[PDB]
Amino acid sequence: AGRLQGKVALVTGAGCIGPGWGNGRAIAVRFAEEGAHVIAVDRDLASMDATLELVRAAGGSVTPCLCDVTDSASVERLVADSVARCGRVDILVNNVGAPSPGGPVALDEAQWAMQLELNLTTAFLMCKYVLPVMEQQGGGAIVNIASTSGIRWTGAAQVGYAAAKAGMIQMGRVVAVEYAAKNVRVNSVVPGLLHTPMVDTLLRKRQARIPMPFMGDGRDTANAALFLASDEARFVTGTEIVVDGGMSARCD
Amino acid sequence: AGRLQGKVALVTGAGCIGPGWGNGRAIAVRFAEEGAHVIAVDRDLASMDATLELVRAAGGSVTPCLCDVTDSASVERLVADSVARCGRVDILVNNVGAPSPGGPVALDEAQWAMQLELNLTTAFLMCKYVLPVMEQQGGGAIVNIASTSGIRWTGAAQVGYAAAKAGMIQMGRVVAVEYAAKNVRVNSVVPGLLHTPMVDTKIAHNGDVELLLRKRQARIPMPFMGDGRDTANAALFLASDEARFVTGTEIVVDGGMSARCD
Amino acid sequence: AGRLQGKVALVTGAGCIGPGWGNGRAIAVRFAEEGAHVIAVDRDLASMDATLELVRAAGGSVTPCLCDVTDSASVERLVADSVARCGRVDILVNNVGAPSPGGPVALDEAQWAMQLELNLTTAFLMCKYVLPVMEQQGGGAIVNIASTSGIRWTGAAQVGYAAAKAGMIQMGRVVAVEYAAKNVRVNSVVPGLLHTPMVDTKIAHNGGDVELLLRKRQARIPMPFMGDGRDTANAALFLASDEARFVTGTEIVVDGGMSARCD
Amino acid sequence: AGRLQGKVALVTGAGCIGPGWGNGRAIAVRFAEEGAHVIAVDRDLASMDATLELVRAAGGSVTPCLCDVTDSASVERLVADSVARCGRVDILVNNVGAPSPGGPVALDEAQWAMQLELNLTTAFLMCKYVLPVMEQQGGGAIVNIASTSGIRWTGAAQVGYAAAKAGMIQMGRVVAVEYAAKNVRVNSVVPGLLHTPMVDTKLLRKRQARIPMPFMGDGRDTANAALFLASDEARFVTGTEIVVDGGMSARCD
Ligand SMILES: [Mg+2]
Ligand SMILES: [Mg+2]
Ligand SMILES: [Mg+2]
Ligand SMILES: [Mg+2]
């Protein structure tokens with residue numbers, strides 16, 4: 001019996017631009033290893049082909065779904081299809097997101113809008129349509145994948161990403177309080193500087209910020225998300241797990 | 001010599017729907033009392049009439065500007081015109097904002113977009129156009145007026161406001177770090193539950209009002225509820241040279257509310 | 001293979017005054033279920049009898065030790081003897097602690113001193129003697145069991161406990177940064193209002209109506225139930241395990257949502 | 001009318017060893033400039049002489065008191081004498097403190113105990129004896145001078161100081177909640193890496209590189225934040241902190 005045995009987990013941003021342990025891919029793989037049926041969602045189907053192979057070679061259960069989760073009609077259709085095919089959505093992982101460079105002067109206004117939409121509105125829309133399902137079915141768990149950029153300056157200007165990710169963390173807290181009585185838990189993973197395929201489009205420069213003598217990858221995000229999504233976290237809600245090698249604890 | 005003597009301060013959301021100490025109005029008056037020339041900005045010109053009267057009764061200097069600070073072309077002109085008329089913009093107070101009720105299910109998606117735009121994009125656009133002025137002139141101070149809704153659930157669902165105000169606090173921190181070398185400081189005031197015209201009008205317009213007022217007061221350890229004057233006094237400290245080494249941080253102005261969860 | 005297979009875990013405050021899921025007892029049971037050999041430490045054996053019974057009924061491995069972990073000579077001997085018996089100490093759980101009522105006026109100065117000693121100095125001394133073992137052997141994991149009283153006012157005045165638990169959380173962070181290069185991780189669990197034998201017995205043996213107090217405490221928790229030591233233990237298990245290899249200098253709050261609200 | 005006009009402010013650690021703006025010297029001077037009568041307290045009486053002359057050259061009101069505020073009997077007498085002479089204690093600034101180097105292995109157990117006593121028990125004892133006075137008189141304001149070492153690793157191991165200062169910050173928050181109904185406010189200043197005489201005596205380049213702003217503050221920065229928090233302009237501010245650190249704690253690059 002896996003730690004998510006029999007659960008249905010909807011994971012956004014489950015594809016990856018290249019080989020390696022991206023957050024979404026690692027979450028899909030780890031959750032399927034623990035017995036969840038994974039609904040793997042991405043705006044590009046081909047980016048999930050490698051994710052599906054990893055899950056299925058290990059005997060896990062995963063279904064790919066094409067969706068633009070910035071579009072509310074598409075999200076509504078995705079959630080309805082998930083309920084139609086799987087009966088329940090027990091777990092939602094809001095993982096879609098990506099940074100764009102620049103502070104308020106350099107960051108173009110259109111890119112600022114895209115950054116808020118991709119990193120924050122997506123999670124809002126997924127919650128809008130998944131929360132009624134979780135309420136009706138007796139409960140559920142939501143895990144937001146945020147970033148240390150939402151709590152610190154970590155090296156680079158990226159003001160839309162920083163603001164959106166801070167908004168994502170706080171949205172998690174206030175949704176947690178509002179829906180706790182319906183047995184819906186909401187928490188965030190706050191990953192730091194990880195070696196993911198998106199990061200690969202210097203590593204010593206990022207490593208110098210990390211007290212631990214290595215750099216994590218999507219598997220580290222996935223293991224924290226696994227705890228928060230599981231019944232072993234039944235009394236954990238409205239909070240975060242920072243996964244950053246100690247970086248945000250220091251300012252030397 | 002006042003604590004802001006000779007400074008030019010641009011304050012958004014400086015009007016109110018009615019009489020009383022709104023945050024923007026109180027900031028405009030308090031800053032003018034301390035010798036700043038205030039550029040008072042609002043989307044409604046008449047809503048600043050009372051602000052102008054209070055400033056001038058205090059012997060202060062204020063100029064009203066009609067502007068929709070969600071519109072970048074309008075913001076760019078506002079800043080260029082302020083520099084042309086005043087030479088400098090020493091202080092920017094990002095105060096425009098307003099909440100709308102509802103969590104992710106109840107809050108209409110168009111209202112979510114409006115909430116992010118009004119509470120967060122406005123501050124981004126003001127920073128976009130004021131930061132080059134502050135950099136060129138040798139420095140400046142930015143004060144964001146956020147909310148305890150950005151750090152806690154304080155009683156009501158208002159998810160766009162909560163997310164936007166948390167975004168505003170963090171935007172302040174990252175802009176502070178990026179621009180510190182240019183002598184630009186950025187900090188937030190985090191007001192809790194206050195008596196301001198916009199908050200009190202909404203409550204009066206609507207369940208059991210007596211019970212709501214009591215529940216709100218019960219969240220505050222101090223024996224009273226503050227108002228815009230409290231926000232203004234914290235903003236004054238952060239905008240002043242007495243805070244020359246304070247940047248990237250917040251002052252919570254909430255009567256002790258966020259320190260408790262009993 | 002359990003999630004702590006082959007690890008040696010030293011857990012302080014592993015006994016309880018009565019039956020039920022105290023934090024230390026639950027940690028000992030859960031860690032042993034995941035394959036750790038548990039060195040279960042408390043002031044007296046009788047409080048650990050039930051802990052040992054539950055560990056062993058679950059097929060786990062546990063050795064009881066008696067120690068006053070406020071006494072550095074005793075701690076030094078406990079660690080040296082543990083290394084002699086087990087070769088290593090892979091995991092340290094600093095769990096001993098207890099609150100005493102009162103703010104700065106009401107709390108006696110002697111009780112303030114005892115509160116800092118019991119809740120904070122114990123963790124400092126365990127780290128003093130365990131860190132060299134972890135450094136020499138190539139790494140380790142430390143989990144401090146703190147309290148929401150270290151981050152919020154949660155209903156009751158207990159200023160020594162609040163200050164000590166905040167100190168414990170921050171000590172964890174600074175030890176994490178200092179020892180990260182030696183592959184030692186340090187994190188805290190921050191439990192909220194739970195059903196543990198110590199908490200429940202104090203409430204039951206105390207001073208207005210008990211049911212009124214229980215309901216007042218539950219009203220602070222957004223979730224529709226109150227957790228127990230098993231919730232603390234599951235968070236500690238994650239933080240002690242290799243699945244948290246990149247997690248250090250931080251906390252997991254286990255409180256049903258309480259500290260996220262101030263309504 | 002100064003910002004503390006007519007207030008009585010008891011400031012611990014008001015002495016200073018060496019030239020420059022230490023926190024205690026700067027707090028005493030700034031508060032007296034704003035019209036407070038300052039009760040300047042230190043364990044070394046001579047260390048306050050320059051503080052007194054700076055205040056008095058400006059026409060301000062200050063009285064020195066020799067006291068070891070780790071000793072509760074001495075604190076009790078200090079507070080009673082202050083009420084007898086001044087009628088009220090409106091403001092308490094807990095500024096005594098100092099770090100000692102080392103993490104849990106290196107820091108001697110006796111030094112750990114001294115660190116908790118100096119940085120945390122002192123503030124507890126001052127609150128124990130000042131709070132009843134503030135409650136009886138209708139209110140008051142307490143300002144704790146903590147440190148960024150209570151919220152971050154800032155460069156050096158000093159585990160007793162870090163733990164004690166985190167304890168001081170949280171003690172302030174819980175005392176704020178407990179005593180708010182009595183109109184007593186409690187807040188902390190959280191100073192970062194400052195140029196103080198204490199720092200200069202018992203490097204500046206490494207510290208400066210951690211600070212986003214292009215200079216390093218001193219005790220005057222601590223004093224200005226404490227002045228705000230002690231003043232009636234902060235009437236609705238309680239249970240919180242002002243970090244005075246040039247932006248350092250906002251970054252981890
Ligand atoms: Mg570095
Ligand atoms: Mg208003
Ligand atoms: Mg117990
Ligand atoms: Mg309540």
# chains A, B, ... in the order shown; residues from 1 in each chain; ligands from 1
$ select_by_dssp --residues "region 131-168 of chain B" --states "strand (DSSP E)" --output "MDAnalysis selection string"
chainID B and resid 140:145
$ write_last_selection --atoms "N, CA and C atoms" --output "mmCIF file, in the first residue's frame"
data_model
loop_
_atom_site.group_PDB
_atom_site.id
_atom_site.type_symbol
_atom_site.label_atom_id
_atom_site.label_comp_id
_atom_site.auth_asym_id
_atom_site.auth_seq_id
_atom_site.Cartn_x
_atom_site.Cartn_y
_atom_site.Cartn_z
ATOM 1 N N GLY B 140 15.494 57.988 -3.306
ATOM 2 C CA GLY B 140 14.094 58.214 -3.022
ATOM 3 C C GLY B 140 13.595 57.146 -2.077
ATOM 4 N N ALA B 141 12.331 57.289 -1.691
ATOM 5 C CA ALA B 141 11.699 56.346 -0.779
ATOM 6 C C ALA B 141 10.323 55.976 -1.314
ATOM 7 N N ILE B 142 10.047 54.682 -1.360
ATOM 8 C CA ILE B 142 8.748 54.165 -1.758
ATOM 9 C C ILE B 142 8.115 53.483 -0.548
ATOM 10 N N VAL B 143 6.837 53.788 -0.299
ATOM 11 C CA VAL B 143 6.057 53.152 0.757
ATOM 12 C C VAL B 143 4.835 52.511 0.104
ATOM 13 N N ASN B 144 4.723 51.191 0.221
ATOM 14 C CA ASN B 144 3.536 50.477 -0.244
ATOM 15 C C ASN B 144 2.563 50.326 0.920
ATOM 16 N N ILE B 145 1.294 50.637 0.699
ATOM 17 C CA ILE B 145 0.259 50.417 1.707
ATOM 18 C C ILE B 145 -0.414 49.091 1.367
#
$ interface_residues --of "chain A" --to "chain D" --cutoff "6 Å" --atoms "only C-alpha atoms" --output "VMD selection string"
chain A and resid 152 to 155 209 248 to 252
$ closest_atom_pairs --of "chain B" --to "ligand 4" --cutoff "12 Å" --atoms "only C-alpha atoms and all ligand atoms" --output "JSON lines"
{"residue": "B:154", "atom": "CA", "partner": "ligand 4", "partner_atom_place_in_ligand_line": "1 (Mg)", "distance": 10.8}
{"residue": "B:155", "atom": "CA", "partner": "ligand 4", "partner_atom_place_in_ligand_line": "1 (Mg)", "distance": 9.7}
{"residue": "B:214", "atom": "CA", "partner": "ligand 4", "partner_atom_place_in_ligand_line": "1 (Mg)", "distance": 11.9}
{"residue": "B:215", "atom": "CA", "partner": "ligand 4", "partner_atom_place_in_ligand_line": "1 (Mg)", "distance": 8.6}
{"residue": "B:216", "atom": "CA", "partner": "ligand 4", "partner_atom_place_in_ligand_line": "1 (Mg)", "distance": 10.6}
{"residue": "B:217", "atom": "CA", "partner": "ligand 4", "partner_atom_place_in_ligand_line": "1 (Mg)", "distance": 11.8}
{"residue": "B:218", "atom": "CA", "partner": "ligand 4", "partner_atom_place_in_ligand_line": "1 (Mg)", "distance": 8.6}
{"residue": "B:219", "atom": "CA", "partner": "ligand 4", "partner_atom_place_in_ligand_line": "1 (Mg)", "distance": 8.1}
{"residue": "B:220", "atom": "CA", "partner": "ligand 4", "partner_atom_place_in_ligand_line": "1 (Mg)", "distance": 11.7}
{"residue": "B:260", "atom": "CA", "partner": "ligand 4", "partner_atom_place_in_ligand_line": "1 (Mg)", "distance": 10.4}
{"residue": "B:261", "atom": "CA", "partner": "ligand 4", "partner_atom_place_in_ligand_line": "1 (Mg)", "distance": 7.9}
{"residue": "B:262", "atom": "CA", "partner": "ligand 4", "partner_atom_place_in_ligand_line": "1 (Mg)", "distance": 6.2}
$ residues_near_ligand --ligand "ligand 2" --cutoff "7 Å" --atoms "only C-alpha atoms and all ligand atoms" --output "VMD selection string"
chain B and resid 16 to 17 21 to 23 196 to 199
$ write_last_selection --atoms "N, CA, C and O atoms" --output "tab-separated table (two decimals), in the first residue's frame"
chain	number	residue	atom	x	y	z
B	16	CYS	N	-11.40	60.02	-0.82
B	16	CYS	CA	-12.29	59.08	-0.12
B	16	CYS	C	-13.73	59.30	-0.56
B	16	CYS	O	-14.12	60.41	-0.95
B	17	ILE	N	-14.54	58.24	-0.45
B	17	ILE	CA	-15.95	58.34	-0.81
B	17	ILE	C	-16.75	59.21	0.15
B	17	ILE	O	-17.90	59.53	-0.14
B	21	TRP	N	-10.92	59.57	8.07
B	21	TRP	CA	-9.48	59.36	7.86
B	21	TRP	C	-9.24	58.08	7.07
B	21	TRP	O	-8.84	57.04	7.61
B	22	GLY	N	-9.44	58.17	5.76
B	22	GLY	CA	-8.92	57.15	4.88
B	22	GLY	C	-7.40	57.17	4.88
B	22	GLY	O	-6.76	58.14	5.28
B	23	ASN	N	-6.81	56.06	4.43
B	23	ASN	CA	-5.35	55.97	4.45
B	23	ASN	C	-4.71	57.04	3.57
B	23	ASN	O	-3.80	57.75	4.00
B	196	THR	N	-11.81	53.30	8.14
B	196	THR	CA	-11.63	54.22	7.02
B	196	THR	C	-12.98	54.38	6.34
B	196	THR	O	-13.85	53.51	6.46
B	197	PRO	N	-13.19	55.46	5.59
B	197	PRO	CA	-14.49	55.62	4.92
B	197	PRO	C	-14.87	54.45	4.03
B	197	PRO	O	-16.02	54.02	4.06
B	198	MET	N	-13.94	53.91	3.25
B	198	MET	CA	-14.34	52.81	2.37
B	198	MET	C	-14.73	51.56	3.15
B	198	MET	O	-15.71	50.89	2.79
B	199	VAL	N	-14.00	51.25	4.23
B	199	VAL	CA	-14.33	50.07	5.02
B	199	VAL	C	-15.64	50.28	5.77
B	199	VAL	O	-16.54	49.43	5.74
$ atom_distance --atom1 "CA of residue 113 (chain C)" --atom2 "CA of residue 160 (chain C)"
7.9 Å
$ residues_near_ligand --ligand "ligand 3" --cutoff "10 Å" --atoms "only C-alpha atoms and all ligand atoms" --output "ChimeraX atom specification"
/C:13-26,47,96-98,194-201,228-229
$ interface_residues --of "chain C" --to "chain D" --cutoff "9 Å" --atoms "only C-alpha atoms" --output "ChimeraX atom specification"
/C:72,103-107,109,112-113,116,120-121,124-132,149-153,156-160,162-175,177-178
$ write_last_selection --atoms "C-alpha atoms" --output "PDB file, in the first residue's frame"
ATOM      1  CA  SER C  72      25.656  18.033  30.516  1.00  0.00           C
ATOM      2  CA  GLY C 103       3.396  36.100  31.804  1.00  0.00           C
ATOM      3  CA  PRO C 104       6.304  38.197  33.109  1.00  0.00           C
ATOM      4  CA  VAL C 105       4.472  39.363  36.230  1.00  0.00           C
ATOM      5  CA  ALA C 106       2.916  36.054  37.279  1.00  0.00           C
ATOM      6  CA  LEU C 107       5.701  33.626  36.294  1.00  0.00           C
ATOM      7  CA  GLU C 109      11.742  34.001  38.339  1.00  0.00           C
ATOM      8  CA  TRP C 112      11.349  31.200  34.208  1.00  0.00           C
ATOM      9  CA  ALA C 113      14.837  29.753  34.679  1.00  0.00           C
ATOM     10  CA  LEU C 116      14.466  28.095  29.617  1.00  0.00           C
ATOM     11  CA  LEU C 120      15.857  25.300  25.289  1.00  0.00           C
ATOM     12  CA  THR C 121      19.059  24.328  27.130  1.00  0.00           C
ATOM     13  CA  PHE C 124      21.442  23.010  23.118  1.00  0.00           C
ATOM     14  CA  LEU C 125      23.174  20.302  25.206  1.00  0.00           C
ATOM     15  CA  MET C 126      21.959  17.445  23.006  1.00  0.00           C
ATOM     16  CA  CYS C 127      23.313  19.318  19.969  1.00  0.00           C
ATOM     17  CA  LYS C 128      26.613  20.049  21.763  1.00  0.00           C
ATOM     18  CA  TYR C 129      27.322  16.340  22.219  1.00  0.00           C
ATOM     19  CA  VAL C 130      25.604  14.850  19.144  1.00  0.00           C
ATOM     20  CA  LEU C 131      26.957  17.271  16.517  1.00  0.00           C
ATOM     21  CA  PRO C 132      30.577  15.998  16.765  1.00  0.00           C
ATOM     22  CA  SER C 149       3.665  29.150  21.302  1.00  0.00           C
ATOM     23  CA  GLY C 150       7.033  30.084  19.794  1.00  0.00           C
ATOM     24  CA  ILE C 151       5.364  31.948  16.904  1.00  0.00           C
ATOM     25  CA  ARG C 152       1.965  33.179  18.189  1.00  0.00           C
ATOM     26  CA  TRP C 153      -0.125  33.925  21.238  1.00  0.00           C
ATOM     27  CA  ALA C 156      -2.594  31.296  27.360  1.00  0.00           C
ATOM     28  CA  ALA C 157       0.203  33.218  29.012  1.00  0.00           C
ATOM     29  CA  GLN C 158       3.344  31.095  29.337  1.00  0.00           C
ATOM     30  CA  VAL C 159       6.164  33.513  28.623  1.00  0.00           C
ATOM     31  CA  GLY C 160       9.081  31.229  29.467  1.00  0.00           C
ATOM     32  CA  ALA C 162       6.992  31.036  24.357  1.00  0.00           C
ATOM     33  CA  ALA C 163      10.464  32.596  24.568  1.00  0.00           C
ATOM     34  CA  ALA C 164      12.210  29.228  24.905  1.00  0.00           C
ATOM     35  CA  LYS C 165      10.364  27.670  21.974  1.00  0.00           C
ATOM     36  CA  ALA C 166      11.105  30.685  19.756  1.00  0.00           C
ATOM     37  CA  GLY C 167      14.737  30.317  20.815  1.00  0.00           C
ATOM     38  CA  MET C 168      14.608  26.624  19.904  1.00  0.00           C
ATOM     39  CA  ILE C 169      13.290  27.350  16.400  1.00  0.00           C
ATOM     40  CA  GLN C 170      15.999  29.947  15.758  1.00  0.00           C
ATOM     41  CA  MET C 171      18.729  27.783  17.276  1.00  0.00           C
ATOM     42  CA  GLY C 172      17.706  25.129  14.779  1.00  0.00           C
ATOM     43  CA  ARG C 173      18.058  27.582  11.898  1.00  0.00           C
ATOM     44  CA  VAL C 174      21.513  28.835  12.884  1.00  0.00           C
ATOM     45  CA  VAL C 175      22.838  25.352  13.646  1.00  0.00           C
ATOM     46  CA  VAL C 177      23.446  27.003   8.479  1.00  0.00           C
ATOM     47  CA  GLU C 178      26.620  26.387  10.490  1.00  0.00           C
TER      48      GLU C 178
END
$ residues_around --residues "region 96-106 of chain B" --least-positions-apart "3" --cutoff "6 Å" --atoms "only C-alpha atoms" --output "PyMOL selection string"
(chain A and resi 128) or (chain B and resi 12-13+118-119+157-159+161)
$ interface_residues --of "chain D" --to "chain B" --cutoff "9 Å" --atoms "only C-alpha atoms" --output "ChimeraX atom specification"
/D:173-174,176-185,211-218,220-221,224-225,228,233-251
$ write_last_selection --atoms "N, CA and C atoms" --output "tab-separated table (two decimals), in the first residue's frame"
chain	number	residue	atom	x	y	z
D	173	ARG	N	6.09	39.80	21.60
D	173	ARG	CA	4.80	39.57	20.97
D	173	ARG	C	3.77	39.05	21.97
D	174	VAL	N	4.17	38.09	22.81
D	174	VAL	CA	3.18	37.50	23.72
D	174	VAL	C	2.86	38.44	24.88
D	176	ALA	N	2.84	41.70	24.43
D	176	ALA	CA	1.96	42.64	23.75
D	176	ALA	C	0.52	42.15	23.76
D	177	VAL	N	0.29	40.89	23.41
D	177	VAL	CA	-1.09	40.41	23.38
D	177	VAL	C	-1.69	40.37	24.78
D	178	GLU	N	-0.91	39.93	25.78
D	178	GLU	CA	-1.47	39.78	27.12
D	178	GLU	C	-1.81	41.13	27.75
D	179	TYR	N	-1.03	42.18	27.46
D	179	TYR	CA	-1.19	43.46	28.15
D	179	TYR	C	-1.84	44.54	27.30
D	180	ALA	N	-2.23	44.22	26.06
D	180	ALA	CA	-2.83	45.22	25.19
D	180	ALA	C	-4.09	45.82	25.80
D	181	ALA	N	-4.90	45.00	26.47
D	181	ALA	CA	-6.14	45.52	27.03
D	181	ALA	C	-5.88	46.57	28.09
D	182	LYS	N	-4.68	46.56	28.67
D	182	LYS	CA	-4.26	47.56	29.64
D	182	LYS	C	-3.54	48.74	29.00
D	183	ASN	N	-3.60	48.85	27.67
D	183	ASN	CA	-2.99	49.96	26.94
D	183	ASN	C	-1.47	49.96	27.08
D	184	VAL	N	-0.88	48.77	27.17
D	184	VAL	CA	0.57	48.62	27.14
D	184	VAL	C	0.93	48.03	25.79
D	185	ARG	N	1.78	48.72	25.04
D	185	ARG	CA	2.26	48.25	23.74
D	185	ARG	C	3.67	47.69	23.91
D	211	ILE	N	25.00	44.05	2.96
D	211	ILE	CA	24.03	45.13	3.11
D	211	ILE	C	23.75	45.71	1.73
D	212	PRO	N	22.52	45.63	1.23
D	212	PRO	CA	22.21	46.22	-0.08
D	212	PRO	C	22.44	47.72	-0.14
D	213	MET	N	22.12	48.45	0.92
D	213	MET	CA	22.33	49.88	0.90
D	213	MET	C	23.83	50.20	0.93
D	214	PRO	N	24.22	51.34	0.37
D	214	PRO	CA	25.66	51.61	0.19
D	214	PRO	C	26.36	52.20	1.41
D	215	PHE	N	25.80	52.01	2.59
D	215	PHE	CA	26.44	52.44	3.83
D	215	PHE	C	26.03	51.50	4.94
D	216	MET	N	26.64	51.67	6.11
D	216	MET	CA	26.28	50.91	7.30
D	216	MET	C	25.74	51.88	8.34
D	217	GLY	N	24.60	51.54	8.92
D	217	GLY	CA	23.98	52.37	9.93
D	217	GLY	C	24.72	52.30	11.27
D	218	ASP	N	24.17	53.02	12.24
D	218	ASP	CA	24.73	53.03	13.59
D	218	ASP	C	23.57	53.13	14.59
D	220	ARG	N	22.12	55.53	15.86
D	220	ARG	CA	21.09	56.52	15.56
D	220	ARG	C	19.94	55.92	14.77
D	221	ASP	N	20.21	54.91	13.94
D	221	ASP	CA	19.15	54.23	13.21
D	221	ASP	C	18.28	53.40	14.14
D	224	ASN	N	16.12	55.92	16.11
D	224	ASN	CA	14.98	56.50	15.41
D	224	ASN	C	13.82	55.51	15.28
D	225	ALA	N	14.12	54.23	15.07
D	225	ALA	CA	13.05	53.25	15.03
D	225	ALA	C	12.43	53.08	16.41
D	228	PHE	N	10.02	56.01	17.13
D	228	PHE	CA	8.69	55.80	16.56
D	228	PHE	C	7.87	54.84	17.42
D	233	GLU	N	2.54	58.28	18.26
D	233	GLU	CA	2.26	58.10	16.84
D	233	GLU	C	2.17	56.63	16.47
D	234	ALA	N	2.66	55.74	17.34
D	234	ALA	CA	2.55	54.30	17.16
D	234	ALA	C	1.47	53.68	18.06
D	235	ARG	N	0.43	54.46	18.39
D	235	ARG	CA	-0.61	54.03	19.34
D	235	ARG	C	-1.30	52.74	18.94
D	236	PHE	N	-1.32	52.38	17.66
D	236	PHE	CA	-1.98	51.17	17.19
D	236	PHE	C	-0.98	50.12	16.72
D	237	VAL	N	0.29	50.28	17.07
D	237	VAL	CA	1.35	49.36	16.67
D	237	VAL	C	1.77	48.58	17.89
D	238	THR	N	1.53	47.27	17.88
D	238	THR	CA	1.96	46.46	19.01
D	238	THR	C	2.13	45.01	18.56
D	239	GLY	N	3.01	44.30	19.25
D	239	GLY	CA	3.27	42.91	18.94
D	239	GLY	C	4.06	42.68	17.67
D	240	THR	N	4.87	43.65	17.25
D	240	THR	CA	5.55	43.52	15.97
D	240	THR	C	6.95	44.09	16.06
D	241	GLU	N	7.64	44.13	14.91
D	241	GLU	CA	9.05	44.52	14.83
D	241	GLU	C	9.28	45.54	13.73
D	242	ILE	N	10.35	46.32	13.88
D	242	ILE	CA	10.94	47.09	12.78
D	242	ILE	C	12.37	46.61	12.60
D	243	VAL	N	12.64	46.04	11.43
D	243	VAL	CA	13.98	45.59	11.07
D	243	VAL	C	14.75	46.77	10.51
D	244	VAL	N	15.95	47.01	11.05
D	244	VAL	CA	16.78	48.17	10.71
D	244	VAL	C	18.12	47.60	10.24
D	245	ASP	N	18.20	47.24	8.95
D	245	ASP	CA	19.32	46.42	8.52
D	245	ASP	C	19.80	46.72	7.10
D	246	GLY	N	19.38	47.83	6.49
D	246	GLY	CA	19.86	48.16	5.17
D	246	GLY	C	19.42	47.22	4.07
D	247	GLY	N	18.40	46.38	4.32
D	247	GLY	CA	17.92	45.43	3.33
D	247	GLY	C	18.50	44.04	3.44
D	248	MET	N	19.39	43.80	4.41
D	248	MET	CA	20.15	42.54	4.47
D	248	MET	C	19.24	41.32	4.58
D	249	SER	N	18.23	41.37	5.46
D	249	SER	CA	17.48	40.14	5.68
D	249	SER	C	16.52	39.82	4.54
D	250	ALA	N	16.29	40.75	3.61
D	250	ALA	CA	15.43	40.50	2.47
D	250	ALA	C	16.13	39.72	1.37
D	251	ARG	N	17.44	39.52	1.47
D	251	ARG	CA	18.20	38.86	0.42
D	251	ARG	C	18.90	37.61	0.95
$ interface_residues --of "chain A" --to "chain B" --cutoff "6 Å" --atoms "only C-alpha atoms" --output "ChimeraX atom specification"
/A:104-105,128,153,163-164,166-167,170-171,174
$ write_last_selection --atoms "N, CA and C atoms" --output "compact mmCIF listing (two decimals), in the first residue's frame"
# COMPACT_ATOMS: atom_id res chain seq x y z
N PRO A 104 10.73 46.27 -12.06
CA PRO A 104 9.61 47.05 -12.59
C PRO A 104 9.94 47.91 -13.78
N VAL A 105 11.19 48.36 -13.92
CA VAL A 105 11.54 49.15 -15.09
C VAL A 105 11.72 48.26 -16.31
N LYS A 128 -10.77 27.29 -8.20
CA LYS A 128 -12.17 27.63 -8.45
C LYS A 128 -12.99 26.41 -8.84
N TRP A 153 14.72 37.96 -2.11
CA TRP A 153 15.56 38.16 -3.29
C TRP A 153 16.62 37.07 -3.29
N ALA A 163 6.27 38.53 -7.15
CA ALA A 163 4.97 38.95 -6.66
C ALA A 163 3.94 37.84 -6.81
N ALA A 164 3.91 37.17 -7.97
CA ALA A 164 2.93 36.11 -8.18
C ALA A 164 3.14 34.96 -7.22
N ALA A 166 4.58 35.00 -4.23
CA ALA A 166 4.12 35.41 -2.90
C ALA A 166 2.60 35.38 -2.84
N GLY A 167 1.94 35.84 -3.90
CA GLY A 167 0.49 35.77 -3.95
C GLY A 167 -0.01 34.34 -3.88
N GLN A 170 0.18 33.04 -0.25
CA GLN A 170 -0.88 33.60 0.59
C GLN A 170 -2.25 33.11 0.16
N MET A 171 -2.48 32.96 -1.15
CA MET A 171 -3.73 32.37 -1.59
C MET A 171 -3.93 31.00 -0.95
N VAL A 174 -5.16 31.44 2.73
CA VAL A 174 -6.52 31.91 2.95
C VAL A 174 -7.54 30.91 2.43
$ decode --residues "region 234-238 of chain D" --atoms "N, CA and C atoms" --output "compact mmCIF listing (two decimals), in the first residue's frame"
# COMPACT_ATOMS: atom_id res chain seq x y z
N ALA D 234 2.66 55.74 17.34
CA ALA D 234 2.55 54.30 17.16
C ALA D 234 1.47 53.68 18.06
N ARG D 235 0.43 54.46 18.39
CA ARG D 235 -0.61 54.03 19.34
C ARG D 235 -1.30 52.74 18.94
N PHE D 236 -1.32 52.38 17.66
CA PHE D 236 -1.98 51.17 17.19
C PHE D 236 -0.98 50.12 16.72
N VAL D 237 0.29 50.28 17.07
CA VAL D 237 1.35 49.36 16.67
C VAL D 237 1.77 48.58 17.89
N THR D 238 1.53 47.27 17.88
CA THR D 238 1.96 46.46 19.01
C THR D 238 2.13 45.01 18.56
